[PDB]
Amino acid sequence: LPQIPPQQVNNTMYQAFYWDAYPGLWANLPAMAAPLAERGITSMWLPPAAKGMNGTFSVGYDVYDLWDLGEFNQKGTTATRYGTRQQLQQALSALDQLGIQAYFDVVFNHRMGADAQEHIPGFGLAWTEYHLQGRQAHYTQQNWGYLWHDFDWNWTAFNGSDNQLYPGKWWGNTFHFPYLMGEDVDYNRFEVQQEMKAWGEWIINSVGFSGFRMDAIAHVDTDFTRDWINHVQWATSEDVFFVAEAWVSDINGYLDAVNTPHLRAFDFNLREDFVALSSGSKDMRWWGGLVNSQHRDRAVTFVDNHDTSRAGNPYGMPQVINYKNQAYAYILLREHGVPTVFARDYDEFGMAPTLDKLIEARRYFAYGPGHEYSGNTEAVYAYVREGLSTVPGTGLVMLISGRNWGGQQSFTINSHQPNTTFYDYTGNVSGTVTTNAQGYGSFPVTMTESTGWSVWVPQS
């Protein structure tokens, strides 16, 4: 396999959970991640790891105490759904030896599970008194100095609940609607901003994560988001990875509003093309999405996540059932974006036998400039990676069929590698393809759903 200079290895993200998945994940995470690292996964998005209101039953999004990573006895348990902090720290060390960066699912927008009610003057009853043992232990003046503030999480830490404002509050400068659920956190209050900057430092520099997936971040004040990202980046030696879950109509607008070069965003709109792909009738010449937009460099592409694919389909999203490998090929091999392999696809749906080779194709071959194919048809999409002049053996000519016909079809494509012989890394088409002196070869693809993708890369 071609050997890539480490600093140039493509980042391939793996979402290491789906809904209700993997109770006790932390203990098992080293084993799960060992083969994934061999394939070419270089980062995993872990489920929200902080204590949530429903204890071991919580997936993590009903977050209670951001400073309690399965360490303190609260909400009925010490461990989270996934395990104790010790098991998490050992998981992080294992992933570290394996070369994998772990991203934290931070839930900034809301809190749930108050320890007691309060009477808020001029308002009434609210579930706003939060005790937060983990905060008491780690958010101390000794640890954080200038970022430490003596204040209690009660109703003055929140904008409000049930889309009603608490006295003297306002929702903030939010790109989406401000209120989603729970007790909406007031990031217009200075002491909360500073504590969150301290927590971001703790997660990277002390706990040992390498980046964040930012839950519902478009419901959160945009100025705080920018200032917290900017603070954590300046505060860390590594280049920390930030990806927004900004599930809005205009994700380009959201990124321009936050206005930090460190923030990426999930490509929600590219999925609509995979929805069309699943029909088996999509015109394979047209592709939209963030990854073909003026923010394409800041795109994090995916096929499904725990909201889009979930038993019962609770958010009513159209499903991506068919042609899923062609969808994964599209996100994995093209030059732009950081792609996400979804655990439910790899694991539960059992797509690992075919996905394994696509992760390797991205890992060891998808390098050099990218080229679109003037010869795309209504039924076949093709794409080229030149490869690396420095690394002979890189480059790829990929083809995907959006039809279930049977048989093959071939396309004359310029690989930009003269007089080079290729072969199909996927094992879907047999034989070789030899290019001519100007770089062109005749590459086939199978016109089926089940095997309708091919990734031709140069022979050893």
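Heads up: residue numbers just count along the shown sequence, starting at 1.
- Stretches compared: 293 to 301, 100 to 108. Higher mean C-alpha B-factor in the entry: 100 to 108.
- Mean CA temperature factor is higher for 387 to 395 when stretches 54 to 62 and 387 to 395 are set side by side in the entry.
- Residues shown: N269, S279, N143, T174. Highest C-alpha temperature factor in the entry: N143.
- Per-chain ranking of the deposited C-alpha B factor places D115 in the middle third.
- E360: CA B factor lies in the highest third for its chain, per the PDB record.
- Annotation for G122: C-alpha temperature factor in the highest third relative to the rest of the modelled chain, per the entry.
- Compared with the other modelled residues of the chain, the Cα B-factor recorded for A137 ranks in the middle third.
- Placement of the Cα temperature factor of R189 within the chain: middle third of the modelled residues, per the deposited record.
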